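**Student:** After the structure tokens below, expect a handful of questions from me.
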Amino acid sequence: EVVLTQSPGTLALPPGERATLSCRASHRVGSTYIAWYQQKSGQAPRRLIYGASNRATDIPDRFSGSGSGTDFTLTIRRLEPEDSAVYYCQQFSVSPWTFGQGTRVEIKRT
Amino acid sequence: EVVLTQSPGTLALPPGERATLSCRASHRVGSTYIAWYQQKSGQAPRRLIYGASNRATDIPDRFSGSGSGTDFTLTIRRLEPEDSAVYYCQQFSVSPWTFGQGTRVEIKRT
Amino acid sequence: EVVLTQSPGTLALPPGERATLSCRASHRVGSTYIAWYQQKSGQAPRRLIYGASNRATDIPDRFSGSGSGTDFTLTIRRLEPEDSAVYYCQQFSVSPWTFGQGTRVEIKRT
Amino acid sequence: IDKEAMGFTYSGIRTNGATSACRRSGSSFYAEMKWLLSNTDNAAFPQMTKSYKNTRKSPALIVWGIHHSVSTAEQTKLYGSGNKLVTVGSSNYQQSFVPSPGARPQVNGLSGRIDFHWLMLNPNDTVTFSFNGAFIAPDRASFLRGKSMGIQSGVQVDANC
Amino acid sequence: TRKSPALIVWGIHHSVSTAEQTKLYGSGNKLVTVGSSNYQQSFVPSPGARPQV
Amino acid sequence: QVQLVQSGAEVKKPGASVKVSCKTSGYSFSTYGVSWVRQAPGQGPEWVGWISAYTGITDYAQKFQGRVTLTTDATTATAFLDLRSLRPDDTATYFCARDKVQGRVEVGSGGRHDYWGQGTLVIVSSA
Amino acid sequence: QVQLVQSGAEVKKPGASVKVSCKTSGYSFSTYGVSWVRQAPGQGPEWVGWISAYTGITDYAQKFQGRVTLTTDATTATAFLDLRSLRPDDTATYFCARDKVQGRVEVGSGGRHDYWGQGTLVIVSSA
Amino acid sequence: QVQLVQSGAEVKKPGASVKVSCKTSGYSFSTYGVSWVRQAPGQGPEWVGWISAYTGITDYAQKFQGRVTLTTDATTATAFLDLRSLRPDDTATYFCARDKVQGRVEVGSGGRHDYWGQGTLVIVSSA
Amino acid sequence: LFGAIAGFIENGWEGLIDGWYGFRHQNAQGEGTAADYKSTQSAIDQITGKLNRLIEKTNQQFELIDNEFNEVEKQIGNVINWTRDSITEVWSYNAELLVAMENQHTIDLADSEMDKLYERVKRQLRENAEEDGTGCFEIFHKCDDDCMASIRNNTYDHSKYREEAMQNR
Amino acid sequence: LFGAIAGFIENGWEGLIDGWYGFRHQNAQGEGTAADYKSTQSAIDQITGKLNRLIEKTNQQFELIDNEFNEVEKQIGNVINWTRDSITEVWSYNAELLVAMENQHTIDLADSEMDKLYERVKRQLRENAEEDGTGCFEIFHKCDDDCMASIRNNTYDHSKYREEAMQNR
Amino acid sequence: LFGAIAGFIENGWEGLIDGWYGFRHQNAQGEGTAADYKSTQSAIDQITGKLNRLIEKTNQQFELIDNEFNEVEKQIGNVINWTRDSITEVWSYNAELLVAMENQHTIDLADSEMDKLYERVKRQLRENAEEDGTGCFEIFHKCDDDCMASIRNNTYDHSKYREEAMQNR
Amino acid sequence: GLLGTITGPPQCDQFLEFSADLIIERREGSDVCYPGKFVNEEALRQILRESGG
Ligand SMILES: *[C@@H]1O[C@H](CO)[C@@H](O)[C@H](O)[C@H]1NC(C)=O
Ligand SMILES: *[C@@H]1O[C@H](CO)[C@@H](O)[C@H](O)[C@H]1NC(C)=O
Ligand SMILES: *[C@@H]1O[C@H](CO)[C@@H](O)[C@H](O)[C@H]1NC(C)=O
Ligand SMILES: *[C@@H]1O[C@H](CO)[C@@H](O)[C@H](O)[C@H]1NC(C)=O
């Protein structure tokens with residue numbers, strides 16, 4: 001199957017800074033068959049990006065995905081407080097449709 | 001359908017000068033499916049060029065066609081008195097086989 | 001059919017020098033369908049090269065074939081006494097599978 | 001190409017250098033160029049400055065020449081001693097040139113050389129030549145007529161095909 | 001002294017005449033040599049009249 | 001020598017049916033087939049339809065679909081153009097032209113409207 | 001307004017059979033079909049299977065082949081997820097998501113897991 | 001160890017029929033098939049024909065079409081070359097060579113005339 | 001082509017807005033028309049597969065190498081122009097060949113799917129029906145609406161109508 | 001391939017100079033052979049379509065960028081040579097792949113047309129004939145020359161010979 | 001696709017290690033399975049033909065035009081980089097399109113060969129058997145092992161079992 | 001340094017008249033002993049690269 005491995009496991013950055021999340025596939029996947037998701041503790045995962053770079057409806061333009069082949073990237077241009085969550089990448093080019101293990105994003109300052 | 005629009009409507013030039021007649025298609029036609037015709041008042045149209053640049057049998061080498069895509073040109077390198085006529089371009093790539101509205105060529109000097 | 005014509009008819013060179021044998025086809029043959037053979041007086045022809053440049057099993061690395069299209073070459077980098085023989089090129093891309101007329105290699109010094 | 005007289009009148013020098021290399025009547029030169037010398041068989045070449053504006057709709061091909069004498073003795077005989085400088089100015093263009101007396105192998109029986117430099121004056125733009133010798137001035141500028149193709153060949157022209 | 005290459009730029013000033021150049025810097029030939037590891041060059045001024053820009 | 005000779009001029013009442021012929025000489029028949037072009041007085045040329053003398057397959061323009069019928073030699077290598085329900089608009093000069101190689105593969109457009117007929121005026125009026 | 005509303009949470013004994021529903025509103029049914037994803041507590045998401053509401057064709061992952069059965073509306077546009085022989089590993093949150101255009105050709109992945117359900121916790125234990 | 005061992009030399013009268021054998025050892029049979037090459041005294045090599053031991057399909061050169069027949073093992077993995085109406089021109093050395101992979105897809109020409117037999121002289125004369 | 005979508009089947013059904021392929025039956029109960037979902041979706045999948053493979057862009061970044069404002073030197077300019085034009089020709093060739101080749105396969109595979117469904121029904125009826133010649137199957141045991149539906153979802157038992165049908169030839 | 005032009009039909013007819021496809025019938029009146037004009041023309045149209053699409057030239061003009069007489073400077077010369085060779089490789093690849101691909105389709109579509117005409121006749125005869133296996137149809141009602149001609153121009157009424165034929169099996 | 005390798009034939013035989021295609025018969029003597037050598041080899045030949053055409057290298061030599069040690073001047077460097085990247089894109093496009101196109105044809109031709117062998121047997125049995133619908137042929141004259149083998153090597157005389165078979169319908 | 005085979009600094013003494021089908025440059029290479037550089041150095045390297053020696 002296709003293995004999606006995300007990095008880093010955990011990303012901690014102050015609010016208003018730029019976050020870069022990686023998803024690296026084992027096999028070459030076409031850009032159309034890749035999606036990014038956000039999930040907070042307890043709720044259903046909301047779709048952020050589809051097709052590797054297309055923003056989903058009502059998604060803020062600070063979430064932008066890029067990349068091709070085996071390397072895909074979700075960029076949070078300027079972090080907001082409500083961006084603290086877990087982020088999963090997904091492939092559905094060939095079944096089984098697989099997910100990345102995720103990347104947690106945390107903020108800062110006491 | 002494919003619209004062939006010719007320009008100019010009327011071309012008036014002294015004998016021995018160079019005449020340039022345009023035929024512009026709405027859609028991309030392959031060079032092979034384009035012909036030019038000469039017609040004088042009362043007679044049948046004689047074929048001058050076929051395939052956009054090939055001269056027909058016994059046609060003087062002062063009639064040369066060129067161009068590709070949507071822009072095609074019939075050039076009369078040096079006009080003679082008997083070149084005073086109407087000139088039509090034709091397409092027969094896809095049916096209906098359409099004609100241009102024509103270009104009239106007139107000479108000069110009293 | 002495909003005509004393989006070899007040159008020269010006869011090649012005479014001292015031992016330890018470099019021999020170059022040509023095989024020129026009438027038609028373009030793919031490199032895979034070409035072989036070179038060695039034959040001495042009385043015995044069966046042993047295969048030297050197959051596929052225009054691949055050495056056969058237990059063949060010394062002083063026999064190297066090259067070329068493509070219509071021009072193919074068997075090179076004996078440094079001649080040894082036991083290299084004195086006849087050399088044939090063969091094509092088996094399209095039937096009839098044809099042979100070159102051959103090239104004889106002779107050595108030197110009294 | 002279509003040439004155009006640039007209109008260059010001079011004062012205090014010569015203007016008709018020639019050579020057996022360029023043969024017409026007898027010794028001649030480049031039709032479009034002028035070999036500027038000094039008055040007598042020596043003496044100085046007063047630092048001159050000549051301008052030309054391109055008053056036409058298209059860019060003007062400007063060409064000039066620097067003459068490298070066989071020796072420093074021949075150069076003094078022609079233009080006079082001391083360093084000889086040629087500066088050339090325009091809007092896009094900005095350069096300078098220095099002569100180089102020395103012995104070269106004989107080509108067409110001569111050991112002197114001429115470097116030919118060129119710039120393309122823009123419409124309404126003006127070029128200016130500052131020079132004190134060793135200068136081969138343009139008599140006329142050139143202009144491009146339209147569009148053509150250029151080939152290099154060793155076979156005959158056939159007008160019937 | 002930095003981890004990346006440094007863009008260095010300089011200028012040669014060509015006066016309107018040889019008179020202006022002597023007024024500015026003084027007579028005689030003026031030379032500017034520039035040296036580095038990869039780089040190795042030299043520069044000469046050129047007094048003369050150009051069109052006014 | 002290839003030549004296309006059409007029938008004589010014709011005068012018809014509106015709503016009637018006309019029939020123009022086109023006699024073939026020079027080439028072989030069923031090696032090309034025929035295109036038909038019509039020209040209204042003082043106007044340009046407009047394509048009407050094409051028929052293969054080899055297969056019999058016809059292709060008309062939308063304007064004439066349903067009231068035009070093209071046919072070919074009984075055996076004498078001649079093509080026919082049958083128009084009916086003649087409007088006053090159908091007043092034009094009707095040309096036949098030899099067109100498009102048939103029982104053979106050939107590159108180019110050398111056999112495309114290469115030879116025409118002298119024409120045939122069709123006047124559709126009641127007077 | 002497209003919304004996926006799943007059934008309530010469930011508690012089952014090991015070796016039993018569970019049945020989660022997914023009610024559809026907003027779109028038309030049989031124009032997409034449904035993907036199912038499950039999430040073990042404290043773990044990531046894993047795809048379970050997909051069913052077309054248009055054709056009925058199902059595609060499962062190897063892990064669930066033989067004990068999972070996906071079906072769709074009796075006529076009320078609702079999808080079902082049937083798991084049986086429930087291990088303690090099957091303890092997870094089961095999400096349904098509307099997925100993949102059906103009776104129509106469309107470029108891109110706009111209709112790929114575009115809307116999800118709120119979820120359905122399935123606790124498989126004996127206590 | 002792959003080896004091709006042919007039958008002994010032969011002498012035939014003109015117009016007769018000869019039969020050369022080729023015993024196979026080392027490889028498996030019907031995994032390659034055999035090419036036959038013949039060499040006239042003092043002349044070069046010329047290809048005669050090929051037979052698959054896997055399919056039985058034969059391919060001859062035009063010169064021998066109609067008087068050559070290639071066959072393969074009764075079951076003992078051996079190939080035969082049958083020539084008849086022997087001209088004096090048919091006087092040559094007849095080589096068999098293992099040739100071309102069969103029941104398998106393989107890139108390259110490694111199995112093309114890779115192993116030959118010692119040869120078999122066929123003298124066709126009356127004296 | 002393939003095995004005739006625009007051949008023995010003379011035309012398509014503009015009224016068939018339920019799918020790409022389907023059945024139109026006639027019996028003693030009236031007129032009936034229903035789409036086939038699976039064969040339609042097969043075609044849709046393949047075309048969607050093409051499109052998503054074709055619609056795509058590079059992740060390769062190309063920069064400026066000449067100048068629109070202050071022109072580069074002629075010799076390097078002409079090399080650049082010559083190179084760029086060459087790449088344009090290659091991509092123009094690739095593009096038009098790509099689209100032409102794809103369109104040929106798209107049409108042919110749609111033909112394929114229609115032929116596959118057709119000859120499937122043919123094997124589904126065994127000796128109980130005969131080939132009309134226009135894509136239809138003349139049934140020899142007067143099939144009712146439930147019988148037709150069994151043919152549609154590939155469940156029709158041929159041997160339960162075999163006696164009656166073979167009698168009527 | 002497709003459905004066998006060089007398969008169950010063992011060979012072609014060198015005597016068939018009237019078209020590309022045709023019929024050869026045998027009855028009580030003698031030997032007969034006639035070409036099929038429409039299926040031949042179908043094939044001819046498609047191949048002509050290819051050729052006219054393939055035979056074509058650019059309207060893009062390319063100029064000189066190096067010099068055969070006085071060689072350009074080495075560094076720009078080597079870049080130019082390297083670029084040109086690269087384009088040559090691409091066009092060499094394109095050309096050979098193009099021709100190879102086209103030839104594969106040409107042969108296969110000719111196969112297609114033969115299969116289409118063949119299975120058309122098969123549906124045209126209904127149950128009045130049986131498949132020979134070599135492209136022939138053994139007829140079970142002794143068809144005369146007029147009957148054969150009705151089969152050729154697709155007018156043969158199967159149900160007017162059905163009784164006699166089904167009797168003779 | 002073509003005419004269904006992964007269609008009416010539901011699956012392949014992992015036990016068939018003797019060839020790529022074959023027969024599996026059932027009668028009063030037990031179970032039997034044998035490969036078909038000729039149709040397998042047809043497929044193998046075509047694929048081998050592709051591979052040997054695809055696996056190939058240039059005989060065109062390309063040299064160095066920039067420098068890994070002491071970098072060339074920026075302007076010529078950027079032109080070179082721009083050109084090389086462009087060729088990379090073209091070859092990347094060509095490569096992926098080539099492989100994709102070839103794989104489509106490989107699968108389809110294997111489909112073709114299976115269909116060709118299948119419908120060959122169908123014509124080979126004439127009216128003595130009936131189409132099962134899953135790639136099988138229900139025989140109506142209880143064929144023994146010698147009878148089966150005659151079907152395998154295309155020698156089966158249909159008219160020697162015709163009477164018995166047509167009686168049993 | 002490949003250019004050194006022309007001028008002949010100490011590191012290049014064994015190469016002043018070399019012959020090769022394959023010429024290999026190394027990063028430690030140096031065209032120069034006395035500090036300096038070549039005008040149009042890359043043009044010359046490409047000539048010597050395809051020179052055979
Ligand atoms: C050139 O100069 C003339 C004179 O002032 C002016 O009228 C004209 O607009 C100028 N054209 C351009 C292109 O600068
Ligand atoms: C190259 O083509 C551009 C247009 O694409 C043109 O503006 C430019 O002048 C051309 N290069 C040269 C040196 O003329
Ligand atoms: C480039 O190739 C041409 C032949 O096509 C050759 O004459 C020329 O010398 C080559 N360039 C250089 C710099 O050698
Ligand atoms: C060209 O690309 C190479 C890597 O392939 C890089 O090292 C080099 O710096 C690039 N050229 C320039 C001028 O930066």
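Please note that chains go A, B, ... in the order of the structure tokens, that every chain numbers its residues from 1, and that ligands are numbered from 1 in the order shown.
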Check every residue of chain B for an atom within 7 Å of chain F, counting only C-alpha atoms, and provide those that qualify as a PyMOL selection string.

**Tutor:** chain B and resi 32-33+43-44+47+50-51+96-99+101-102

**Student:** How would you report the residues lying within 12 Å of ligand 2, as a ChimeraX atom specification, if you count only C-alpha atoms and all ligand atoms?

**Tutor:** /D:147 /I:65-85,88 /J:61-63,65

**Student:** I'd like the interatomic distance between CA of residue 129 in chain K and CA of residue 112 in chain K, to a tenth of an Å.

**Tutor:**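 Interatomic distance here is 22.7 Å.
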
**Student:** Taking only chain I into account, list the residues labelled helix (DSSP H, G or I) by DSSP (computed from the backbone), as a PyMOL selection string.

**Tutor:** chain I and resi 37-54+74-128+145-152+158-160+162-167

**Student:** Show me which residues sit within 10 Å of ligand 1 when counting only C-alpha atoms and all ligand atoms, and put them as a PyMOL selection string.

**Tutor:** chain D and resi 54-58+122-125

**Student:** Would you save the residues of that selection, restricted to N, CA and C atoms, as a PDB file, in the first residue's frame?

**Tutor:**
```pdb
ATOM      1  N   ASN D  54      19.944  60.373 -34.558  1.00  0.00           N
ATOM      2  CA  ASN D  54      19.116  59.493 -35.377  1.00  0.00           C
ATOM      3  C   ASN D  54      17.678  59.998 -35.426  1.00  0.00           C
ATOM      4  N   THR D  55      17.364  60.768 -36.462  1.00  0.00           N
ATOM      5  CA  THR D  55      16.069  61.434 -36.552  1.00  0.00           C
ATOM      6  C   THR D  55      15.021  60.574 -37.246  1.00  0.00           C
ATOM      7  N   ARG D  56      15.275  59.275 -37.331  1.00  0.00           N
ATOM      8  CA  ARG D  56      14.368  58.385 -38.045  1.00  0.00           C
ATOM      9  C   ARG D  56      13.646  57.425 -37.105  1.00  0.00           C
ATOM     10  N   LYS D  57      12.561  56.838 -37.601  1.00  0.00           N
ATOM     11  CA  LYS D  57      11.650  56.041 -36.783  1.00  0.00           C
ATOM     12  C   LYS D  57      12.267  54.734 -36.282  1.00  0.00           C
ATOM     13  N   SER D  58      13.327  54.275 -36.942  1.00  0.00           N
ATOM     14  CA  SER D  58      13.960  53.009 -36.578  1.00  0.00           C
ATOM     15  C   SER D  58      15.405  53.236 -36.124  1.00  0.00           C
ATOM     16  N   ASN D 122      19.352  54.487 -31.038  1.00  0.00           N
ATOM     17  CA  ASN D 122      17.895  54.475 -30.980  1.00  0.00           C
ATOM     18  C   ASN D 122      17.291  55.696 -31.665  1.00  0.00           C
ATOM     19  N   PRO D 123      16.017  55.592 -32.080  1.00  0.00           N
ATOM     20  CA  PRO D 123      15.281  56.745 -32.608  1.00  0.00           C
ATOM     21  C   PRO D 123      15.332  57.939 -31.658  1.00  0.00           C
ATOM     22  N   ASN D 124      15.551  59.132 -32.210  1.00  0.00           N
ATOM     23  CA  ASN D 124      15.696  60.379 -31.446  1.00  0.00           C
ATOM     24  C   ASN D 124      16.957  60.429 -30.575  1.00  0.00           C
ATOM     25  N   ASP D 125      17.589  59.281 -30.354  1.00  0.00           N
ATOM     26  CA  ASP D 125      18.810  59.221 -29.555  1.00  0.00           C
ATOM     27  C   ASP D 125      19.997  59.729 -30.370  1.00  0.00           C
TER      28      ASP D 125
END
```

**Student:** Here's a check: after a least-squares fit over all in-order C-alpha atoms, write chain J in the frame of chain I, as a short mmCIF file (atom, residue, chain, number, x, y, z; two decimals) with C-alpha atoms, in the first residue's frame.

**Tutor:**
```cif
data_model
loop_
_atom_site.label_atom_id
_atom_site.label_comp_id
_atom_site.auth_asym_id
_atom_site.auth_seq_id
_atom_site.Cartn_x
_atom_site.Cartn_y
_atom_site.Cartn_z
CA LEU J 1 -13.87 1.82 -34.06
CA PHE J 2 -14.59 -1.28 -32.00
CA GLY J 3 -17.79 -3.30 -32.19
CA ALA J 4 -20.22 -0.55 -33.20
CA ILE J 5 -21.81 2.05 -30.92
CA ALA J 6 -22.55 4.00 -34.08
CA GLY J 7 -23.01 0.79 -36.05
CA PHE J 8 -25.74 -1.83 -35.61
CA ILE J 9 -27.20 0.38 -32.90
CA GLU J 10 -28.49 3.08 -35.24
CA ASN J 11 -28.83 5.93 -32.75
CA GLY J 12 -28.77 6.95 -29.10
CA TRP J 13 -31.65 7.80 -26.78
CA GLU J 14 -31.91 11.50 -25.96
CA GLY J 15 -34.59 10.51 -23.45
CA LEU J 16 -32.06 8.43 -21.53
CA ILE J 17 -31.01 10.98 -18.91
CA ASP J 18 -30.64 8.35 -16.18
CA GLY J 19 -27.31 6.92 -17.36
CA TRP J 20 -25.02 6.37 -20.35
CA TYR J 21 -26.24 2.89 -21.26
CA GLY J 22 -29.54 1.12 -20.69
CA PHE J 23 -32.39 -1.12 -21.78
CA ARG J 24 -35.65 -0.36 -23.57
CA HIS J 25 -38.13 -3.23 -23.40
CA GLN J 26 -41.55 -3.82 -24.94
CA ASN J 27 -44.22 -6.31 -23.83
CA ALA J 28 -47.90 -6.70 -22.99
CA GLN J 29 -47.74 -4.18 -20.13
CA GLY J 30 -46.47 -1.18 -22.10
CA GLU J 31 -43.26 0.73 -22.81
CA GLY J 32 -40.22 0.62 -20.52
CA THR J 33 -36.80 2.28 -20.35
CA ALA J 34 -34.17 2.03 -17.62
CA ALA J 35 -30.46 2.84 -17.36
CA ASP J 36 -27.64 0.45 -16.49
CA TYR J 37 -25.68 1.94 -13.60
CA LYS J 38 -22.59 -0.30 -13.51
CA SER J 39 -21.56 -0.15 -17.18
CA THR J 40 -22.16 3.61 -17.21
CA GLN J 41 -19.95 4.01 -14.17
CA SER J 42 -17.26 1.87 -15.76
CA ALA J 43 -17.07 4.34 -18.64
CA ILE J 44 -17.24 7.35 -16.31
CA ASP J 45 -14.40 5.96 -14.19
CA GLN J 46 -12.07 5.50 -17.17
CA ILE J 47 -12.70 8.98 -18.57
CA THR J 48 -12.31 10.51 -15.11
CA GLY J 49 -9.05 8.56 -14.87
CA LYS J 50 -7.80 10.15 -18.09
CA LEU J 51 -8.85 13.70 -17.26
CA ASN J 52 -7.26 13.71 -13.83
CA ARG J 53 -4.07 12.33 -15.35
CA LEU J 54 -4.10 14.90 -18.17
CA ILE J 55 -5.20 17.97 -16.23
CA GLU J 56 -1.98 18.66 -14.34
CA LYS J 57 0.80 21.25 -14.08
CA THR J 58 4.54 21.18 -13.40
CA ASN J 59 6.13 21.83 -10.06
CA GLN J 60 9.14 22.96 -12.04
CA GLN J 61 9.86 26.67 -11.81
CA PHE J 62 11.17 28.54 -14.85
CA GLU J 63 12.75 31.98 -14.62
CA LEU J 64 13.40 34.96 -16.85
CA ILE J 65 16.44 34.66 -19.14
CA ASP J 66 15.93 37.58 -21.49
CA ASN J 67 14.59 41.10 -21.00
CA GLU J 68 11.42 42.85 -22.17
CA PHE J 69 12.70 46.29 -21.10
CA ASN J 70 16.41 46.46 -21.97
CA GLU J 71 17.16 43.83 -24.62
CA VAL J 72 19.95 41.31 -24.11
CA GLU J 73 22.84 41.03 -26.56
CA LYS J 74 21.83 39.71 -30.00
CA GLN J 75 23.85 36.50 -30.11
CA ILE J 76 22.63 35.17 -26.75
CA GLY J 77 19.19 36.58 -27.59
CA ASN J 78 18.94 34.61 -30.83
CA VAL J 79 20.05 31.38 -29.14
CA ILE J 80 17.41 31.88 -26.46
CA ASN J 81 14.69 32.65 -29.00
CA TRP J 82 15.72 29.67 -31.11
CA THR J 83 15.62 27.35 -28.09
CA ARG J 84 12.28 28.60 -26.76
CA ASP J 85 10.62 28.29 -30.18
CA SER J 86 11.92 24.73 -30.40
CA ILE J 87 10.37 23.79 -27.05
CA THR J 88 7.15 25.46 -28.19
CA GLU J 89 7.09 23.24 -31.27
CA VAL J 90 7.65 20.11 -29.18
CA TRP J 91 4.88 21.00 -26.71
CA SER J 92 2.57 22.02 -29.53
CA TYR J 93 3.20 18.63 -31.17
CA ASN J 94 2.82 16.73 -27.87
CA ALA J 95 -0.39 18.56 -26.96
CA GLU J 96 -2.23 18.03 -30.25
CA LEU J 97 -1.10 14.39 -30.48
CA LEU J 98 -2.06 13.78 -26.86
CA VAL J 99 -5.59 15.15 -27.24
CA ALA J 100 -6.11 13.41 -30.58
CA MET J 101 -4.91 10.06 -29.23
CA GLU J 102 -7.00 10.36 -26.04
CA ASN J 103 -10.14 11.28 -27.99
CA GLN J 104 -9.66 8.20 -30.19
CA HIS J 105 -9.43 5.98 -27.11
CA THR J 106 -12.31 7.67 -25.27
CA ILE J 107 -14.71 7.07 -28.16
CA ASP J 108 -13.46 3.50 -28.65
CA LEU J 109 -13.71 2.53 -24.95
CA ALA J 110 -17.29 3.83 -24.84
CA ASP J 111 -17.88 1.59 -27.85
CA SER J 112 -16.21 -1.21 -25.89
CA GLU J 113 -18.49 -0.82 -22.86
CA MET J 114 -21.64 -0.87 -25.00
CA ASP J 115 -20.46 -4.03 -26.78
CA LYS J 116 -19.56 -5.66 -23.46
CA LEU J 117 -23.00 -5.02 -21.96
CA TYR J 118 -24.72 -6.12 -25.18
CA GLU J 119 -22.98 -9.46 -25.60
CA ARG J 120 -23.41 -10.01 -21.86
CA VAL J 121 -27.21 -9.93 -22.25
CA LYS J 122 -26.79 -12.24 -25.25
CA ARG J 123 -25.11 -14.88 -23.07
CA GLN J 124 -27.63 -14.12 -20.34
CA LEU J 125 -30.59 -15.22 -22.48
CA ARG J 126 -28.94 -18.39 -23.87
CA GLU J 127 -31.25 -20.02 -26.42
CA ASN J 128 -34.43 -18.28 -25.22
CA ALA J 129 -33.99 -15.29 -27.52
CA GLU J 130 -32.61 -14.34 -30.93
CA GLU J 131 -30.45 -11.47 -32.14
CA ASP J 132 -32.54 -8.77 -33.79
CA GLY J 133 -29.63 -7.09 -35.57
CA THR J 134 -30.23 -3.56 -34.30
CA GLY J 135 -29.13 -4.22 -30.73
CA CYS J 136 -32.45 -5.76 -29.73
CA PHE J 137 -33.29 -9.25 -28.52
CA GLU J 138 -36.54 -10.82 -29.72
CA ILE J 139 -37.74 -12.90 -26.76
CA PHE J 140 -39.75 -16.07 -27.34
CA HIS J 141 -41.57 -16.44 -24.03
CA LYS J 142 -43.34 -13.08 -23.61
CA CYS J 143 -41.30 -11.59 -20.77
CA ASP J 144 -43.19 -9.55 -18.17
CA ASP J 145 -41.89 -6.55 -16.19
CA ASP J 146 -40.41 -8.75 -13.44
CA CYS J 147 -38.80 -10.93 -16.10
CA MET J 148 -37.28 -7.84 -17.74
CA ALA J 149 -35.94 -6.57 -14.42
CA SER J 150 -34.27 -9.94 -13.83
CA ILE J 151 -32.46 -9.43 -17.14
CA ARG J 152 -31.40 -5.93 -16.11
CA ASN J 153 -29.72 -6.92 -12.83
CA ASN J 154 -28.18 -10.11 -14.26
CA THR J 155 -30.31 -12.70 -12.44
CA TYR J 156 -32.44 -14.04 -15.31
CA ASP J 157 -32.56 -17.84 -15.15
CA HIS J 158 -32.51 -19.01 -18.77
CA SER J 159 -33.55 -22.58 -17.96
CA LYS J 160 -36.86 -21.51 -16.39
CA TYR J 161 -38.16 -20.19 -19.72
CA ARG J 162 -36.16 -22.52 -21.97
CA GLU J 163 -38.89 -25.04 -22.84
CA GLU J 164 -41.45 -22.45 -23.95
CA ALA J 165 -38.87 -20.42 -25.90
CA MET J 166 -37.19 -23.26 -27.80
CA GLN J 167 -40.66 -24.51 -28.80
CA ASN J 168 -41.47 -21.12 -30.34
CA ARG J 169 -38.01 -21.37 -31.97
#
```

**Student:** So that I can see what lies close to residue 30 in chain G, please list as a list in words the residues with an atom at most 8 Å from it, counting only C-alpha atoms and leaving out residues fewer than 5 positions away in the same chain.

**Tutor:**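 In the requested format, the answer is residues 52, 53, 54, 55, 102 and 103 of chain G.
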
**Student:** Which value, in Å to one decimal, gives the distance between CA of residue 36 in chain C and CA of residue 20 in chain C?

**Tutor:**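 Calculated distance between CA of residue 36 in chain C and CA of residue 20 in chain C is 12.8 Å.
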
**Student:** Can you pull out every residue within 7 Å of range 70-86 of chain F, counting only C-alpha atoms, but drop anything in the same chain fewer than 4 positions away, and send it as a ChimeraX atom specification?

**Tutor:** /F:14-24,29,51,53,90,124

**Student:** Might you pull out every residue within 6 Å of range 59-71 of chain C, with only C-alpha atoms counted and same-chain residues fewer than 6 positions away left off, and present them as a ChimeraX atom specification?

**Tutor:** /C:24-25,28-29,31,52-53,77

**Student:** Set the cut-off to 8 Å and count only C-alpha atoms: what are the residues of chain D that reach chain E? Output as a ChimeraX atom specification.

**Tutor:** /D:49,85-91,96,126-131

**Student:** Please extract the residues of range 2-96 of chain C with a backbone DSSP assignment of strand (DSSP E or B) and present them as number ranges by chain.

**Tutor:** C: 4-7, 10-12, 19-29, 34-39, 46-50, 54-55, 63-76, 86-91

**Student:** Only residues of chain L matter here; which ones have an atom within 10 Å of chain J, counting only C-alpha atoms? Give them as a count of residues only.

**Tutor:** 8

**Student:** Which residues are near residue 110 in chain C? Cut-off 12 Å, only C-alpha atoms, ignore same chain within fewer than 2 positions. Put them as a ChimeraX atom specification.

**Tutor:** /C:14,107-108
